[PDB]
Each structure stands twice: as structure tokens, then as C-alpha cells.
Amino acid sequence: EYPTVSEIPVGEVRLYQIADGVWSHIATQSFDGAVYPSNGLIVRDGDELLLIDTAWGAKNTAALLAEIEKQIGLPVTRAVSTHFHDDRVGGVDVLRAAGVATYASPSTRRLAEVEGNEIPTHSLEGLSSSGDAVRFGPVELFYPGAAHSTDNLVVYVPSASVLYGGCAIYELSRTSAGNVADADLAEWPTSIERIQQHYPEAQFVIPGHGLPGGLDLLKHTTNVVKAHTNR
């Protein structure tokens, strides 16, 4: 029942309700002749919504906002991008234009800038050291250490025990490393272990791309990362 690529045309965005007040948003993008899914999150915060990550580009992100207004009908007042790649910040200018306050760690902002990507307006403090956590509205933000990228954040929704790993976490069907040009292969397994230590009670784990599962996705990612390491 969780949507896959074949069900989502590029341009279109799906919402999937995970818990009371918790959805993922799912979009697709075609790159080098293949089509990829990508996840983000939506958390209700009173009469407003917190958005985690864009839907990978301006077009998809504009469709995400229309889809949220149509299906949920509460305003997106804030957005956090969990790292500096285009699937996380591509569409930030659309959010900003719609009056959404956009946020990211200083480190994510600097890396976006260097990459020439869109740049969240606000800087998130308290997340500079591995193991650091801060509360941001209805979620906890966690910096596990470098993994898929040096800046990657993970997000936890304590009310629903939902752990959103972003692109630091692989789905189960993904058995080979994705793009790791910006990865810290050496630290990645250690960073995943910090996630496991901090959220042992997580009941749903969302990867940046593909199908959700349970905490097994953490060991799965380490397995893939270590395999790639020994290539």
C-alpha cells in the first residue's frame, strides 16, 4: 500500500499517512534515464504543519504544497532540509516564496551554497557535534555524524515513534551503495549505531528513498556500506 515508482508520475506527489498527524510525501525524479522515488515527512504541529525535506525540485515541491492543501488543508509554516543535496533542498525557493520558513544546519547551508543548490534561510543551532539533538516543534532533530553526507540529519517523531533516517538510511531492496561522492564511508556505520542507540524504540523507519520498515533498515545500511567499503 506504500506507493512505488510505477504508481507516481514525475511531476506528481503522494502523501502516505503513517500515524496520527504523521505522513510521508513521495515523489519521483528521472535521472540519467532511470526513475527514482524519494521520501520526505510531514508532521502536524497544532493547527500547522512541519515539513521535512522538499519533493526533489521546484515542480515537485509546488505539487507537494498543492497536494498538502488539498488533502490536509493545514498551512506549512516551517520546513527542515536534512542534507544539502537537491532531493532535500531542491524546491526550497518555492517553499520560501509561499511563505514557508526554511531551516537547515549551518553545515548543510554551507554545502548547499558551495554546490550551487538552493539554500534554506534559517540556520539550526545545537547540531554541530555527533550525537547532538535538539527539539524543533513536534520532532527531535539528531545529528548522528557523517554518513551519506557530512551534514546529514535524522528526525524522530516521539508521539508516533517514527524515525525518519533520510538518505543516511537505505531501503531493504537497495543492496548496493547509491551515490557516495559526498559520503564518509568510514564513519557511516558508527553514525548509524548512534541512531540505533538514541532511538531503540522506533517502530517505523523511513529511508530517504524507497519503502519504510523497522529498525532492521539500520543494520541493512551498515551491511551495504561495509560491502561497498570492501569493493
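For the two forms, the rigid core is made up of the largest set of C-alpha atoms that agree within 1.5 Å on superposition. All residue numbers are counted from 1 along the displayed sequence.
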{"query": "More variable segment, 28 to 36 or 180 to 188 [Cα RMS over structures in 8 other deposited structures of this protein, core-superposed]", "finding": "28 to 36"}
{"query": "Per the entry, higher mean C-alpha B factor between 170 to 178 and 46 to 54", "finding": "170 to 178"}
{"query": "Greater mean Cα temperature factor according to the PDB record, 32 to 40 or 186 to 194", "finding": "32 to 40"}
{"query": "Which of 117, 102, 150, 71 ranks first by CA B-factor in the deposited coordinates", "finding": "71"}
{"query": "CA B-factor placement of residue 158, once the chain's modelled residues are sorted into thirds", "finding": "highest"}
{"query": "Ranked C-alpha temperature factor of residue 135 among modelled chain residues, by third", "finding": "highest"}
{"query": "Chain-wide C-alpha B factor ranking for residue 203, given as lowest, middle or highest third", "finding": "highest"}
{"query": "Record-listed C-alpha B factor of residue 226: chain third", "finding": "lowest"}
{"query": "Cα B factor band for residue 77 (lowest, middle or highest third within the chain)", "finding": "middle"}
